[PDB]
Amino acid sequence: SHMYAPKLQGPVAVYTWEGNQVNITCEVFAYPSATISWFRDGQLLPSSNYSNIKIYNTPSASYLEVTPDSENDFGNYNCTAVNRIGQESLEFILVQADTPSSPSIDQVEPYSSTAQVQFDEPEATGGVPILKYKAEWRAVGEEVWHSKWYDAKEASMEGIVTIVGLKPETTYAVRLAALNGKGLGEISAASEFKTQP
């Protein structure tokens, strides 16, 4: 049967935030079967410098499970596979996610004691999924913000969050932020609207 040097594939970049496990995928096709080693800065992993790492091997892929603790844990990692015929390496970048960019408020439609805030999702998730939205509102000329959190799926599927407990004939400012696993993102500018009588 057909022998060949290992052929590797997997994503270019993998995103996470400090303290959060993520797996880097190294899929391998080789005959005869290959031995897979993971490297960073020339050393086999886990190493002294990169110690927050476990490897999960399966017949079709090796997974490097990395839990970054510091800035230095982000950067390039290498999967190398070796068999009788030769070797191949694939380089991955572990990227530090950002929090999301700001949602944009499109329109606010006030509905006695409530308001429907129509919004556009952040232009950038920061590399990991948006999990929730936070809305904050306050009557114009108050300092204290009221807030409510919304699941990101329900919110994004209609592009609306509904704000509640509003007083009639009152001008409010409302602003919106998106939360991903790393934390809360940039908060939108506040938009003003007035509730009905």
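Sequential numbering from 1, following the sequence displayed.
As listed in the deposited structure, the average C-alpha B-factor of 37 to 45 and of 137 to 145 is greater for 137 to 145.
Placement of the Cα temperature factor of residue 158 within the chain: lowest third of the modelled residues, per the deposited record.
Residue-level temperature factors show residue 13 in the highest third of its chain, judged at the C-alpha atom. The PDB entry assigns residue 180 a C-alpha temperature factor belonging to the lowest third of its chain's modelled residues. Per-chain ranking of the deposited C-alpha B factor places residue 82 in the lowest third. Per-chain ranking of the deposited C-alpha B factor places residue 170 in the middle third.
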